[PDB]
Structures are given as C-alpha cells and as structure tokens.
Amino acid sequence: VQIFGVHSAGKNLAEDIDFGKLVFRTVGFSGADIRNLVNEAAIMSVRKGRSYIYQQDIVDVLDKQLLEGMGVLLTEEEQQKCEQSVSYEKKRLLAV
Amino acid sequence: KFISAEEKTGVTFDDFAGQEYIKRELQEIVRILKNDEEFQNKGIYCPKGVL
C-alpha cells in the first residue's frame, strides 16, 4: 500500500481509489510491478477517455493482466460473438 | 555502413490483420511515443523495449 502511494502520487486518482481492497491481487509484487500497474491504470484511463483513474480502471488492468496469462487476447466484439456462438444447453452445465 | 535508415517501407497497418488486439496495443505505444508531451503530462511513460 505504501509503495502504491509512493508510485501513484503525481496522478489524478479519483474518489473511489483505494489500494487496500486490491492488496490480495498483488501478492508477490515488487515495487516495479506496482509502478507498472499504476502506469497501465493511467494508460487504460486515457484509453476510455476518462480524466481520472477509477477503481474500475485498476480492476480492469489487473483483469487484463490475468486474462493475458492463459493465452486469451480478445477484444469485446470477438468475445461477445464467441459467447453467442455456443448454445444454451451446454452453458447451463458450466453455470451449475 | 549497412543498417537501413529507411523512412518508408510501403507496408501499412491495414495489411496485417487478425490480431487487432496486438495492433491496438502497438498503436497505443506508437501514439505515446509520438505524443510524449500530452500523455507524459499525466505521467505515462512508454516501455523502452517491446518483444
């Protein structure tokens, strides 16, 4: 938390920013990892045109970093079309 | 005296397709490098090496 505060001082964090609720997502991180997380949060906040960094910005940055791990690099349209490709009977089994 | 300091190759982004996520991610880095002042105002720094 202190490293995140040090490396995210000179950026316009919004009122919903709190790193105390995202500590468990950064277990094993070093200072460079948290700095890269802050930088990617700034990039993604710029990406949607958002002026500040939201908590959803950091959440989506961590989620993108996690989804990139297993070899899934898909945009929103491809993901939605692929979700619509499967049927409904074989989706309720996964849901259950 | 062999390295080509080529300014134009004739191959654009429209020629390479199918990996639009990687294309957009490289577009972000290229735009950051070209527009370093505007994005550096908010503290964004580009990576030195992309592999």
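Residues numbered from 1 in each chain as written, not as in the entry; some residues may be left out. Chains lettered and ligands numbered in written order. Part of a larger assembly, values for the part shown. Heavy atoms only, no water.

As documented in the archive entry, the model was determined using cryo-EM at 3.2 Å resolution.

Helix length check: helix 2 (residues 31-47) of chain A, at 17 residues, gives a terminal C-alpha distance of 24 Å against a target of 24 Å (1.5 Å per residue), a fit within 8%. Its buried side turned inward, helix 2 of chain A meets helix 1 (2-7) and helix 3 (55-67) of chain A together with helix 1 (20-34) and helix 2 (36-40) of chain B. Count one or two residues on from helix 2 of chain A and you reach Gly-49 of chain A, which has phi positive near 80 degrees. (Helix = DSSP H or I, 4+ residues; strand = E, 2+ residues; numbered from the N terminus. Expected span 1.5 Å × (residues − 1). Contact = heavy atoms within 4.5 Å.)

All names here are of chain A. Relative to each other, helix 2 and helix 3 sit at 110 degrees, their axes nearing to 9 Å. Relative to helix 3, the element helix 2 lies roughly perpendicular. Of the two possible hands of crossing, helix 2 and helix 3 adopt the one that is right-handed. Here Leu-37, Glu-40, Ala-41, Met-44, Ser-45 and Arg-47 of helix 2 lie close against helix 3, whose contacting residues are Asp-57, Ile-58, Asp-60, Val-61, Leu-62 and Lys-64. Its residues assigned to classes, the contact of helix 2 with helix 3 shows six nonpolar, one polar and five charged. (Axes fitted to C-alpha atoms, helices over the stretch in contact; angles between N-to-C directions. Parallel < 35°, antiparallel > 145°, perpendicular 65-115°, else oblique. Left-handed = near helix turned anticlockwise from the far one by under 90°. Nonpolar A, V, L, I, M, F, W, Y, C, P; charged D, E, K, R; others polar.)

Residues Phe-4, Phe-19, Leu-22, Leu-37, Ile-53 and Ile-58 of chain A together with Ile-44 of chain B are the most contacted members of the largest nonpolar core, which totals 20 residues. If one sorts the elements of this core by residue count, helix 2 of chain A sits on top with eight residues. Setting aside residues up to four positions removed in sequence, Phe-4 of chain A forms contacts with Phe-19, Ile-34, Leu-37, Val-38 and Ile-58 of chain A. (Core = buried A, V, L, I, M, F, W, Y, C linked by side-chain atoms within 4.5 Å. Buried < 20%, exposed > 50% of the residue type's maximum accessible area, 1.4 Å probe, protein only.)

In this section: the interface of chain A and chain B. Tallying the contact residues gives 13 residues for chain A and eleven residues for chain B. Taken over both partners, the interface formed by chain A and chain B buries close to 1200 Å², and the fraction arising from carbon and sulfur atoms is 56%. On the chain A side of the contact with chain B, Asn-39, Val-46 and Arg-47 of chain A bury the most area, a combined 38% of that side's loss. The partner of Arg-47 of chain A in a salt bridge is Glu-28 of chain B, with the nearest N and O atoms 3.7 Å apart. Inspection of the chain A/chain B interface yields zero residue pairs in polar contact. The element best represented in the side of chain A that touches chain B is helix 2 of chain A, accounting for seven residues. A per-class count over the side of chain A that touches chain B returns five nonpolar, three polar and five charged. (Buried area = accessible area lost by both parts, 1.4 Å probe. Salt bridge = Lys/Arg side-chain N within 4 Å of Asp/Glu carboxyl O. Polar contact = N/O pair within 3.5 Å; in protein donor to acceptor, adjacent residues only side chain to side chain.)

In this structure, the largest pocket occupies an estimated 600 Å³ of space. Around the largest pocket, the lining comprises 23 residues; the ones closest to its centre are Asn-36 and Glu-40 of chain A together with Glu-25, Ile-29 and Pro-47 of chain B. Secondary-structure elements contributing two or more residues to the lining of the largest pocket are helix 2 and helix 3 of chain A together with helix 1 of chain B. Across the lining of the largest pocket, the residue classes break down as twelve nonpolar, four polar and seven charged. Lining the second largest pocket are 17 residues, with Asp-60, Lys-64, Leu-74 and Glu-76 of chain A together with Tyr-21 of chain B sitting closest to its centre. Examining the composition of the lining of the second largest pocket, we find that four residues originate from one element, helix 3 of chain A, more than from any other. Looking at the lining of the second largest pocket residue by residue, the class counts come to six nonpolar, two polar and nine charged. (1 Å grid on protein atoms, 1.4 Å probe; cavity = no way out; pocket = protein on both sides within 12 Å on 5 of 7 lines; lining within 4 Å. Points joined across faces, edges and corners; volume = space filled by probe spheres on them.)

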